[PDB]
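Quick setup: one chain, the form deposited in one PDB entry, written in structure tokens, and binding and motion questions come after.
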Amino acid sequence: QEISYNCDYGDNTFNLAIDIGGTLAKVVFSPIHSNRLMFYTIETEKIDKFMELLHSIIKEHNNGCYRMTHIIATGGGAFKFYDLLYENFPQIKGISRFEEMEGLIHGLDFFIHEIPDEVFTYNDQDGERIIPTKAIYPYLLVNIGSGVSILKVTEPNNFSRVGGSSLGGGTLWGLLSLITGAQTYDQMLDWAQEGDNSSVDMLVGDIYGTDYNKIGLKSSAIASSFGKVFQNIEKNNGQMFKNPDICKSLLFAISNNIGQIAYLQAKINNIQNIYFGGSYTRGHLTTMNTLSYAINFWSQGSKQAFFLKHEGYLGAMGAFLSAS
């Protein structure tokens, strides 16, 4: 989903920014003179195919001219696959690394300051609102991939990772894949969307028979994700539970958890604006709503969720920008 941006092409270098995660490898590049930023994603585990795509991009978008190509790598793979990369691209101007947290922040900051129609709020009440993007700072980034990293940015170039969590997209995809046997992330999202978590979850209402306003929770609030199930090829003979219900429950469970940790991190760091990055939302309305509600709920309106059109490309984008 290309972006129009006036790039500086003064050094006549074709910059291939790659971000090789645990699961997803992202590429950001701009054919010289195009004023277009282009983005692809392929699985990390298809490492061969990832390299074919890289050669293919040089072939088609830079006239097969290796000598003018600079590879800039970020994410774990910048170390882990560096040798393989150096070996597979003998003729390039060079392959260099850019630090992962710097990349994320550099990419996000760029989108926040330079790309119209990139940053948006979303809940079910309000719909989608595009932001017309130094009341920027400080801001939080919650980067949801397989796992979750949380970074603060106090000002341009001043950032740090303040924490993270092992309960991310990878937990969601993994649990629901094994349990319900969904084959796509899309399919589990559709299953979630039409499901009912109250079949598998304990609500406050189940415990109290009513609201619990003294602690600020309604009957419908979730007390225990999957709380009803102990209290009741393999799992198919295990299952007495609706797959869509399971998918809903676990999507709420993980999102709400991310929401809470984001909130707590924002709290500590006196941040109002929370940006969600990574591969997790994917413009999925329910997901964005759950995240926005969690932030709103915990902050009582005082803090705000934000999403990004190019949410999965923060790292690769930052890497790209470093090669200036």
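For every residue, the number given is its place in the sequence shown, counted from 1. By rigid core we mean the largest C-alpha set that fits within 1.5 Å across both forms.
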item: Entries skipping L108: at least a third of other ones; value: no
item: Gap at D211 across at least one third of the other PDB entries; value: yes
item: Interresidue gap class [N232, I233; deposited sequence, unmodelled]; value: 10 or more
item: Length class of the unmodelled deposited segment, which would lie between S198 and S199; value: none
item: Segment of higher mean CA temperature factor, 216 to 224 or 180 to 188; value: 180 to 188
item: Between the two ranges 124 to 132 and 103 to 111, the one averaging a larger CA B factor in the entry; value: 124 to 132
item: Residue with maximal Cα B-factor (values as given in the PDB entry) among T171, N158, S96, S149; value: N158
item: Residue with maximal Cα B-factor (values as given in the PDB entry) among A294, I268, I42, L37; value: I42
item: Modelled-residue ranking by C-alpha temperature factor, third containing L54; value: middle
item: Chain thirds of CA B-factor: placement of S165; value: lowest
item: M240 - which third its CA temperature factor falls in, relative to the rest of the chain; value: highest
item: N257, C-alpha B-factor rank within chain (lowest, middle or highest third); value: lowest
item: Position of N63 among the chain's modelled residues by C-alpha B-factor, lowest, middle or highest third; value: highest
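This next part talks about the form deposited in another entry, which is not shown.
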{"query": "Flagged residue of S166, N158, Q239, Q125 - C-alpha shift reaching 2 Å or more between this form and the one not shown, core superposed", "finding": "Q239"}
